[PDB]
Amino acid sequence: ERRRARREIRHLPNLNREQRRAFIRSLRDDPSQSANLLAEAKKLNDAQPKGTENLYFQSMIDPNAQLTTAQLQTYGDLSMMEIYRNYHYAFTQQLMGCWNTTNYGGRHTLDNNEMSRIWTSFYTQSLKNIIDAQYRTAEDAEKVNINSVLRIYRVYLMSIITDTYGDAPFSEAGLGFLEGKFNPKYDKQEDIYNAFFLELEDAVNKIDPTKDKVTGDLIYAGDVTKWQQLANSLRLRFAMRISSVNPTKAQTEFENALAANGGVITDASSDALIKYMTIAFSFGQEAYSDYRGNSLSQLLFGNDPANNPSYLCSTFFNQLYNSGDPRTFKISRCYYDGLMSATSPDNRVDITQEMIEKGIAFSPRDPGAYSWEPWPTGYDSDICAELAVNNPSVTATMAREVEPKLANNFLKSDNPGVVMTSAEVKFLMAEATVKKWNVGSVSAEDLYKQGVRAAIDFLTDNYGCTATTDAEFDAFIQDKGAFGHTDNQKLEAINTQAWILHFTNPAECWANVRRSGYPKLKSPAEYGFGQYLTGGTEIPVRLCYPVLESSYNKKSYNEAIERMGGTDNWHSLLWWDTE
C-alpha cells in the first residue's frame, strides 16, 4: 500500500518537486495515512493544470534566494523587530525608559497583536519559504549543501518560534502549498527539540564541499565547513537549553556535538553574523518591505528618537558600571540630542566624559520606569554652554540626558544580525565543565575568561568600539569579573556574562535568562511599579499564541493549550524552563 502510493505520487504530472518530496516524506513518517495522502496528492495534481505561471513558474525564486531572503528577514523585518523593543529588552532588563519598552514589557501589558509578530512574520514568509526550498532540494545528491544549509536555518528560525511560544507548528508547517493542508498541528516543544538535534546532525553529515556552491549566503558567503561549525554550535546551545529538564540527553547531545564533523565555533573568525547594508531609516510604507538593513538598529534608534531613545535599564547598567566592566561606556553613552537629526544619530553631543569628570551620577531606569519618572537630577554642561553661543536653541542644563542611552555604534543600519558567537561557545563549554560533563581537559575558569575576553573583543571587531587592553582586561577579570569559588557562583558568573554578550541577540538573551535563572531578575513590582502590572506580577516566561490561531486553527490550538491545563498564559513555563 505504501509502496504503491509512493510510485503514483512520483508519477503525478502536475505536482512540482517540493510537493512530491513533501508527500513522499509524509508517507515515510505516517504509513497509515497512505490512502489519505494519495488522495490529497491527486486533488492537488488535478487543481494545477500545465505551464503553471499560476503557481510556480512565476516567483521561481530558487532555493538559494530563499536563504538570502530568510537571513535578511531575521533582523531586517521592521514589523517583526518591534517585539524585541516592546518585550524582550524589558524582560531581560537591559533597556527601560523608552515609551514602548516600559509600556509593554516593563509593565507587563498583554497585547496579542504585539506578541504575534514573530509568529506572523515567520509562518507567512521566511519559515514557510525555507520549508518549501528545503523540500525542493531534498533527496538530491547534487544539492546537498543548499539543502543542508536550509535545514540548519530552518532549525534556527524554528528555535526562535518555540523559545517564544512553546508548542508550535513545525512538522506540518508550510504544508498548505505543499500538500493542501492549511491547519498544522502544534508539535510539542520536547519533540521539536528532539528534531533539532536530528536535523543538525544529519545536515552536518550531508554537507560535502565537492558538490553545489551556495550562492546566497549572507552569513558565511557559502563556506559549508563554517555551516557545520554553526550547526554543531547550535547543538551545544540546544543541549545546554535542555540541561534542566533532561540532564542525561543534554549531556549526550552536548558531547556528540563536540565530536561531530567540522567541530564547533572555536574562534571568532567563524562567528555567525548576517550582513546588512546601509539604507535610510524610514517608518513610511515602503520601508516595511525592505529587509536589506538592520531594522532592530533602526527601532533602537527609534521612530521618536529625540524623546524616546533606547535608555538603558538600571539592572544592566549597574551590572556593567558597578563591576568596572570595560564595556560600560562602549555599550552606553549619555548624549545631549537637541541638535540631533530626525532620521539618523548624527550631531549628538557626547557628555559622558564631562559627567565623569564632574562626578555626576548616571540615572538608568529601574524596571517599570519611564524616562520622565523618576525625573533625574541634572547638572550644568560646559560643552553645551559653549555650543549654545552659535546654536541658540541649545540648552546648557542637562536633565534626562544623565540617563545612559544606547551608544551610536549599535544604531547603524549595517549593524550585523547576530546568530551565534565563539564567545557563547566558550560560555557553554564553561558551564558544561562545571556540570562535570566530558568536554575536554580545559578548565571551566579558563573557558569563562576566554568567553569574557571574546565577548569584549566582539564589540570591538563588529561594532567599532574602542579596544580593551590586556591590562584593562586583567584588572576587571581579577576583581568583579572573577569566576567565583562555588558552583552556583560559577554558574551565575558564566550566565551573567552570557547575558551581557547577548545584548545584541535579544531572542537568545531572553531564552538563556529563563533557562539559566541568571541574572536573578526581580519583578518591576519590587521597584515600586506593581500597581501598573495589568498582566500579572511575575515577568512573563513565554508569549501567547495569536488570536487568529484560536479561531482559524482551532483544533491544533485547543490541543496545545490543553497541554498547559486549558489556558494560554504567558506565566506558563515552557517545557525546558524548570527549577
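When you see a residue number, it is the position in the sequence shown, counting from 1.
Checklist entry - Where do the C-alpha atoms have the higher mean temperature factor in this entry, in 195 to 203 or in 436 to 444? => result Mean C-alpha B-factor is greater for 436 to 444.
Item to check | Between the two ranges 367 to 375 and 114 to 122, the one averaging a larger CA B factor in the entry | outcome: Comparing averages over the C-alpha atoms only gives 367 to 375.
Checklist entry - So among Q94, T266, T504, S159, who wins on Cα B-factor in the entry? => result Comparing C-alpha B-factors across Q94, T266, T504, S159, the maximum falls on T266.
Next on the checklist: Comparing recorded Cα B-factors across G76, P169, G484, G106, which one is largest?
Outcome noted: Highest C-alpha B-factor among the listed residues goes to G484.
Item to check | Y463 - Cα temperature factor, lowest/middle/highest third of chain | outcome: Its C-alpha B-factor belongs to the highest third of this chain's values.
Next on the checklist: Please place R514 in the lowest, middle or highest third of its chain according to the CA B-factor in the PDB entry.
Outcome noted: Ranked within chain, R514 CA B lands in the middle tercile.
Checklist entry - Which third, lowest, middle or highest, does the CA B-factor of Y311 fall in along this chain? => result Lowest third, going by the recorded CA B-factors of the chain.
Next on the checklist: Using only modelled residues of the chain, where does the Cα B factor of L574 rank: lowest third, middle third or highest third?
Outcome noted: Lowest third, going by the recorded CA B-factors of the chain.
Checklist entry - Going by what the PDB entry lists, where does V541 fall on CA B-factor within its chain: lowest, middle or highest third? => result It belongs to the lowest third of the chain when residues are ordered by C-alpha B-factor.
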